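S.K.: Please find one structure pasted underneath; my questions will follow.
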Amino acid sequence: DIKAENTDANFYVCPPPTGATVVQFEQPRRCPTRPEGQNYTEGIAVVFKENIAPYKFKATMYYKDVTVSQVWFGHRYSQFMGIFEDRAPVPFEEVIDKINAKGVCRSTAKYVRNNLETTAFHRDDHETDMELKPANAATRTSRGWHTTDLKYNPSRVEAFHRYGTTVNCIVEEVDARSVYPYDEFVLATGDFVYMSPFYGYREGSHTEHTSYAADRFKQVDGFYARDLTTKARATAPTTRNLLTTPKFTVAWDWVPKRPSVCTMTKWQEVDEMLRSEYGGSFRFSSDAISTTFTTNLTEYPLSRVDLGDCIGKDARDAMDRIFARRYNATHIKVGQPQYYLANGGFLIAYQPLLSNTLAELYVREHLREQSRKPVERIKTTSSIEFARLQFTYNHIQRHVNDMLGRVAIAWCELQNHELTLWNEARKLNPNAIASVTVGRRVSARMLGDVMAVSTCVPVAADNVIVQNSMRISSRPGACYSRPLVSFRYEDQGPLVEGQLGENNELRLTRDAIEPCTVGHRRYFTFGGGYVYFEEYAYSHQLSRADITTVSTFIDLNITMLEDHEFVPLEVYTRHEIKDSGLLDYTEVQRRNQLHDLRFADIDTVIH
Amino acid sequence: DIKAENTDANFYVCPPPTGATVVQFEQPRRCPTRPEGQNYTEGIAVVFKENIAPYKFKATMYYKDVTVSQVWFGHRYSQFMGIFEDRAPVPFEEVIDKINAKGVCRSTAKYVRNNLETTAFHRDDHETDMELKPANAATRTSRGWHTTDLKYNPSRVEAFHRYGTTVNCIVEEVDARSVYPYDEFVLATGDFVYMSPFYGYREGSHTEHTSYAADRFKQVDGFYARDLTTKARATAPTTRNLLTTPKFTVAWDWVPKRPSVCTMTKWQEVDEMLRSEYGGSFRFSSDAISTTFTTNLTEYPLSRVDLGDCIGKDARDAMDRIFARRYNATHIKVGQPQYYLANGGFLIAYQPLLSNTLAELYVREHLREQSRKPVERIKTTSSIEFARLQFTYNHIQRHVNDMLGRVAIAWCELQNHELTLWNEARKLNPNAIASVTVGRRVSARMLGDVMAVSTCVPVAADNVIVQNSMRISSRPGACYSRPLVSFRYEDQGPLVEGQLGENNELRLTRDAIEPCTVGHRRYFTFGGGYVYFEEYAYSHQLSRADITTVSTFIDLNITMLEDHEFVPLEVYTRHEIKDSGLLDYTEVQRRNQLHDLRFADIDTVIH
Amino acid sequence: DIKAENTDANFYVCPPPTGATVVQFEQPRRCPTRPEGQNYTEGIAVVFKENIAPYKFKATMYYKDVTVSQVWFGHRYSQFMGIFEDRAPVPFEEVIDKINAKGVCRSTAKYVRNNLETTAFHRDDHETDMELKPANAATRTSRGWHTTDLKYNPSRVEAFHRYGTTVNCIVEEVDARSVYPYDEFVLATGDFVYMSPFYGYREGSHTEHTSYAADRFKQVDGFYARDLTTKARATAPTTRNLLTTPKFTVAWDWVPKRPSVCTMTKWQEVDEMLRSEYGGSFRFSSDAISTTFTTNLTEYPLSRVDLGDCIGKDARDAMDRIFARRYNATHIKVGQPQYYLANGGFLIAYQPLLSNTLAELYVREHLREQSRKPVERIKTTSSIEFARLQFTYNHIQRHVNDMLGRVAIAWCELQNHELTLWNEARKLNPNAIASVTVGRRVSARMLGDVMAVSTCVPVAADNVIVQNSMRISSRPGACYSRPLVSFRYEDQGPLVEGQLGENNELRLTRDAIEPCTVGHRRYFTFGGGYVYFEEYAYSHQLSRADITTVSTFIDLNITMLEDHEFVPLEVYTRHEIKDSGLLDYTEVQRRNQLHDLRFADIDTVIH
């Protein structure tokens, strides 16, 4: 007769439970604990990296240009038979006496060449004084001075061969380099000198190239140079080396070798560096830098380091400086500065810091720090980046776990408390609770604390019918609150008496009756929709859609983090760098090699 | 007699609460709000980086090889007294007239040398000027041409000296380079020329120190060159500079200095660049690039930039181009392009974009953009990476906070609503609720809205006993639903009457009785396990394990993100790159450096 | 009379609901599912990068120094008329016979020069054999040997010109480098040679032409060199090329061209490399490396690669090696090694791995792998970093989504179950539940399953009054549990009878009465605070603050991840690299280029 409007829903019948099945609720679970916090030491660190260093210094050169020329005189014309050009060293004596003090130089050159002592006279004059003047201007040049502008050719005699001599004294300032602190350091030309800026009265290597009298090398102590141009005199003395090579004499100031070089560089200063002890290793993270470094716990011998006085020198300087500014009132130092080597070959100097508040701790901390305290070069990697990645990675990870962990605990605790609610709740409606718990529809009743359960049998939607009239003829004055129904499990046959219950439960028995009333209008969950009864009478059927909905649940909107691709990005390619400067190794090289071909002709061979 | 099987659990007794303690539930808490969303402007940006680079151009050289040789004739043999080789400039006139137009060149050279005008006649014959032909093939060479293959020497006359002269005209192409305008640009030799292609009356440069003799430099306007090889004539005129140096004459095309030079490079184009305003700074993020840039709000003066016309030129080009493709229908431009300088020294040009939909906004946006609008070089860092890190970091952070924040709100709201459930729940069972809330077992009853509470006293597990028979002799026909028990607080003494309650509560009074029934089987929470009663009679005891469990709680499985280590990774070690820069190392490096020493003559002196 | 102490709270009245409004609870929502896990293949990979490579090789040079000098004898003194210096090739025959086998050289030189065959004799007397002896020491040399220490000038005769000739045999290892795979290569001396080891003698190269007579170039097969110094004989033969240039003869060992040069380098080995198939691309992630690579699915032709035999050679070597150590028992290989090209131009060789457990799978996997299997150089980027970023980014993202996703499901499930609790709960107190659900105060009653609702009307705090005495005169022996009140909606007028209800509900009707009792003390929610009644009598009023609070809610503390800034950080910067060097490249170049300017002598031109 009246069949459910809405097919979609299902129906169940639930026989009363018996002994046979019983179950218990789980008791509250133990909760996770938040991890002990990591402890961070405060401190100041400076970082050092490996360095080049070249050797660079200044020098002066004194040499003279000796030229002799031959001329043949033709009737109309003249021709050069040949021109001879030499360089002559200026003597130690001449340099000091003539050039340096006076600034005046001598025209004539007297030097050994080819195991012969040759002499030249300028402009075959009487020996005369010459006054040096600065060299003609050129861009990007060092200073230089020269006596003689002009060349001297023999006076004209017809049909004769003649020789003429010129001398030009030259002095120049030199930039000197030593690729390897060694026998040789180089001149502007790249003309080599076998001498060293370092030496130096005393050295082990003193032996190395000396089986000697003085002879060539001479040192003046307490040398005061005077500027040629200014003719100012040096305020302070130096030790002046002069080496006389056959071509020329060079002079420079002597300085002790060791302090000159030294290798290591002080990359950066971190006001706040944190040291962490994890994993049997140390972490130093610079917040600003956003780098983290990993080091062994043990400290790194400075003594091991070669040439590297500087490191201590710098380290204290920065540390002292930093402490005063930021630290001074605020914090107290613990222990003395410490050095660690970190992957990437960065050397870290650390100065642990203690807060004033903490200060009582100071004794204990000091002891620990001290225990840490215990020639090769250190190689450094070009790329920081890994440290930065480490820095970034850890921090983010730090947050994620921390926040998530809290949630988990919150979740767990929430569940435990909730159980209390559920316990009572099941009491009110064992079926509803039982069904949800099991996850299937079931019938249950409480036996004592424990709850019995039995499963329910589905009934076809098709086979359900609702009775038209709630009210009871037999015993008037009473009306049953809920509808009655008929149904059967299988299609073919029998019809079963029964009545409706909450959530489409067909209860076999029709116990529950209430006093009749007026204005008695109700809705019942029937099938997909609701069945509508009015005045204990059948009305129409509805669907859920008709009725406005409200939601128990609290919404959460969670979205994924979408994927991203990182494409190779570089300011510079390898090629670009090579191209960059200067300009090209390749371009230059191609040009240079070519040079002989274009300019000079080897080629011609003839039978 | 009947003692609990399962020790593990505890027992409590809970006396009824009095006035003395009362507590209230907390009221719902205020919830966090989701942050206002960040606003992002759309736009198109191009990025620029610093670049040096130096200047190159083509040039041609005309010079002649003048050689004179001496021979002595021995009886059998001949020997060279000596060979003289010179270069002679080819005259301006000769170049234009002879070489250029005709392509023919002449044997004879006439130039000043050593303040003398010397002349040479090639292969001393009454003069001929044959022609030029291309130079012999070489790899990686520029073009060149030369009149004379062979060298000429005097005919043999015995026991006499003779002189012979040769002339070979040479013309060559080849590249020229000028780093920057000053003073000289370089020719192949490593010799220099100082002329400037660059200037230019309309330039400062003329001022720079000048000799100057008029003659040497000459400019031809409306020059049409003809290719020597092809003998094609140039379609279009150029301005041809020729400079005659004593060695040679060089010619090239004059070009205005400025447009050639200039600097900064257009690194990349971003179709979609987002500008964000945070922190009193700007963020530009390129999604594809995955870089973010930080800039000051204020714009960066282009005028400040030195040599840098290009930037505008490029910027518009890209922007216009980009807009049409992607943007054209879709979006409308706002304002004119804007430039910002970002850390890392990247210059960003930005063109703000507006959507069509938004367009009404357009007036307002325009005003804001405009307000932004307000010689040095800009230095750029090699490494992008920090920006990328920033890009990566922010995005991830963005997600994490966003998602988490939502959860927190959801959590909060959930709690508030839950309170409603709890309020009723406590009503049903004040003890259970009260206990959980307090976190200890307590007894409570409701006085009005407020709930009173009192604490409970633990009872020893050992001292508890259960009565065998539920049923009551005295008043038959009634049976007590729950078991009765005896217990005492302390070991030694007295026994107390009492009965069981939920969760091992020993209630002093034994009120609650129900009608007797059959099939009355129940479980009670007793100690660790359950006590089993059948038919109002004692049966056996059980443990919890025996009974299958169901769980209220909804599981969550949360796992930590495990630590990771980043080890230094590099494609290239520094050395390898240097190795790449040709070429490598040690033995050669040893050899080369030495060169001056050995070749310069140490060996000895003869007095 | 008695008005609320605490203003802050509001009051409501709730008329009974009617038909007019009804609502339903939402049914449980479908839950999200956890994504299918990604599948990862295990495998071993090696990575390769692009390489430079240069050519370098050893050489030997044999040449002689031929010098002739002229002297004029002055009365006292002597002078050099001139000195002639030449280099003479040492003959093929001489080298093999004399120098190589004997280690002896000859005084005389005989070579063609200037199309004349000149000869020189040393010491002019006539021949005696000369043993070679090592050259004088210099630091950083290659080896060399020379017969003759000293130079010769003719015996003195007065007023005569005389000639003297000197010959010094010289041999030197020298280093050789060649830019190009074909002929041209250069000495350490830097003189160019046109020859080359490079070509495998049978090669394409034969066609490539330099054409000459046979004599100059000769090859010896089965050459055994003997060390000059040691005078050891070579154990094993080589093929010895000798080229005789006019200046000198050079010899080196011939080797096949191709294998020498070749390309790509084997960057790294990854024990565990994971391949992932996503996005129509492959991901290889190295855990240790913390890089991820993206590749096309298809494999990359090795054959395409130019010079690159090595790759296979290395790849197998590592793979075989790796497998045994880690893999050997543990895993089984699938298929043969495979190669992919990844962005960044890294070539990846992959060897898929299968576990033993899985092994049944083996057939299927093999088929898939095989299907993948299908002259240019590959360019590689300097910077890994993007891959690392990708690696980092993905992993973190992986965690975040995974964990969060779980939470969402947990949340959803939790809500559904909770609904069960709510359903019953509303039953107990429809108003409280209804109000919360709606979010405003409302009145509701249950009609059947569905709940009716109506809204409530706020009442002024001001207009509420409480009745002093609970107890009822009329019917003594009964006392009303809750207080009675009077109120009115608006200020001016009427007073309404009513009574208190939970949460400041003023119920119009005063139904609910309980038996009178003693010790009847209660609290009622009144206004902000509580009203206190004792013994069914009015006492005083309180505030909430007075009473201690307990909280239902489970706390969560969630904090944001704070922003971070990454500042540009570079251990290595472009300038520093360029500088890095001794003295330094930039400084070199500026100085070097300058050289002509300062040194060169125009100096000036005059008539």
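Identifiers in the structure tokens: chain A, B, ... in order shown; residue index from 1 per chain; ligand index from 1 in order shown.
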By least-squares superposition of chain B on chain A, using all C-alpha atoms in order, what RMSD in Å to one decimal is obtained?
M.R.: 1.1 Å
S.K.: Using only C-alpha atoms, find each residue of chain B with at least one atom at most 6 Å away from an atom of chain C; report its shortest atom-to-atom pair and that distance in Å (one decimal), sort the rows by chain and rising residue number, and return the result as a tab-separated table.
M.R.:
```
residue	atom	partner	partner_atom	distance
B:23	CA	C:548	CA	5.1
B:24	CA	C:549	CA	4.7
B:25	CA	C:550	CA	5.0
B:26	CA	C:551	CA	4.8
B:115	CA	C:607	CA	5.2
B:386	CA	C:568	CA	5.7
B:401	CA	C:560	CA	5.8
B:415	CA	C:553	CA	5.4
B:447	CA	C:522	CA	4.7
B:448	CA	C:522	CA	4.6
B:449	CA	C:524	CA	5.4
B:450	CA	C:523	CA	5.8
B:554	CA	C:414	CA	6.0
B:556	CA	C:410	CA	6.0
B:580	CA	C:52	CA	5.9
B:590	CA	C:140	CA	3.8
B:591	CA	C:141	CA	4.4
B:594	CA	C:140	CA	5.6
```
S.K.: Atom CA of residue B:279 and atom CA of residue B:355 are how many Å apart?
M.R.: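 Separating atom CA of residue B:279 from atom CA of residue B:355 is a distance of 25.7 Å.
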S.K.: Report as an MDAnalysis selection string: the residues of stretch 353-515 of chain B with a DSSP assignment of strand (DSSP E), based on the backbone of this structure.
M.R.: chainID B and resid 353:355 442:447 450:455 457:459 464:466 478:480 484:487 496:501 505:507 513:515
S.K.: Might you pull out every residue within 12 Å of residue A:366, with only C-alpha atoms counted and same-chain residues fewer than 5 positions away left off, and present them as number ranges by chain?
M.R.: A: 332-337, 351-354, 359-361, 371-373
S.K.: So how many Å separate atom CA of residue C:11 and atom CA of residue C:542, to one decimal?
M.R.: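 Pair atom CA of residue C:11 / atom CA of residue C:542 returns 16.9 Å.
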S.K.: Please identify all polymer residues within 9 Å of residue A:131, counting only C-alpha atoms, omitting same-chain residues fewer than 2 positions from it, and present them as a PyMOL selection string.
M.R.: chain A and resi 103-106+129+133+146-147
S.K.: Take the residues just selected and output them with C-alpha atoms as a compact mmCIF listing (two decimals), in the first residue's frame.
M.R.:
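Saved file out_38.txt follows:
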```
# COMPACT_ATOMS: atom_id res chain seq x y z
CA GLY A 103 119.93 62.38 -7.08
CA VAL A 104 122.54 63.18 -9.68
CA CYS A 105 123.84 60.30 -11.72
CA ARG A 106 126.91 59.62 -13.79
CA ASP A 129 127.01 65.62 -14.30
CA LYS A 133 114.20 63.94 -14.70
CA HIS A 146 116.15 59.07 -17.05
CA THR A 147 119.13 61.28 -17.73
```
S.K.: Name the residues in contact with residue A:471 at a cut-off of 12 Å, using only C-alpha atoms, excluding same-chain residues fewer than 2 positions from it; report them as a ChimeraX atom specification.
M.R.: /A:467-469,473-484,513-517,520,533-538
S.K.: Include C-alpha atoms and write out the residues we just selected as a PDB file, in the first residue's frame.
M.R.:
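So out08.pdb came out as:
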```
ATOM      1  CA  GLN A 467       0.466   1.244   8.381  1.00  0.00           C
ATOM      2  CA  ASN A 468      -1.931   4.061   7.730  1.00  0.00           C
ATOM      3  CA  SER A 469      -3.293   4.701  11.157  1.00  0.00           C
ATOM      4  CA  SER A 473      -9.051   0.771  17.758  1.00  0.00           C
ATOM      5  CA  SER A 474      -8.872  -1.837  20.437  1.00  0.00           C
ATOM      6  CA  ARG A 475      -7.817   0.385  23.258  1.00  0.00           C
ATOM      7  CA  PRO A 476      -8.977   3.817  22.398  1.00  0.00           C
ATOM      8  CA  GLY A 477      -7.519   6.771  24.204  1.00  0.00           C
ATOM      9  CA  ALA A 478      -4.038   5.536  23.566  1.00  0.00           C
ATOM     10  CA  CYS A 479      -1.993   6.245  20.508  1.00  0.00           C
ATOM     11  CA  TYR A 480       1.323   4.754  19.534  1.00  0.00           C
ATOM     12  CA  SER A 481       4.003   7.374  19.119  1.00  0.00           C
ATOM     13  CA  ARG A 482       5.705   5.648  16.236  1.00  0.00           C
ATOM     14  CA  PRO A 483       4.418   4.140  13.098  1.00  0.00           C
ATOM     15  CA  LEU A 484       3.837   0.451  12.545  1.00  0.00           C
ATOM     16  CA  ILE A 513       2.556   3.583  23.383  1.00  0.00           C
ATOM     17  CA  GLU A 514       1.850   7.054  24.630  1.00  0.00           C
ATOM     18  CA  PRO A 515      -1.285   8.835  25.607  1.00  0.00           C
ATOM     19  CA  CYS A 516      -3.182  10.318  22.711  1.00  0.00           C
ATOM     20  CA  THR A 517      -2.825  14.024  22.214  1.00  0.00           C
ATOM     21  CA  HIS A 520       0.380  15.525  17.387  1.00  0.00           C
ATOM     22  CA  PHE A 533       2.184  11.850  10.073  1.00  0.00           C
ATOM     23  CA  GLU A 534      -0.372  14.305  11.253  1.00  0.00           C
ATOM     24  CA  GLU A 535      -2.795  13.838  14.103  1.00  0.00           C
ATOM     25  CA  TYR A 536      -1.842  10.221  14.449  1.00  0.00           C
ATOM     26  CA  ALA A 537      -2.714   9.849  10.822  1.00  0.00           C
ATOM     27  CA  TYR A 538      -0.803   9.239   7.642  1.00  0.00           C
TER      28      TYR A 538
END
```
S.K.: So how many Å separate atom CA of residue A:581 and atom CA of residue B:265, to one decimal?
M.R.: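 Result for atom CA of residue A:581 versus atom CA of residue B:265: 14.9 Å, one decimal.
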S.K.: Would you please extract all alpha helix (DSSP H) residues from stretch 249-354 of chain B, as assigned by DSSP on the backbone, and give them as a count of residues only?
M.R.: 18
S.K.: Excluding same-chain residues fewer than 5 positions from residue C:454, what lies within 7 Å of it counting only C-alpha atoms, as number ranges by chain?
M.R.: C: 17, 21, 442-444
S.K.: Within 12 Å of residue B:99, counting only C-alpha atoms, which residues show up once you throw out same-chain ones fewer than 2 positions away? Write them as a PyMOL selection string, please.
M.R.: chain B and resi 61-63+90-97+101-107+129-133+145-147+169-171+225-228+231
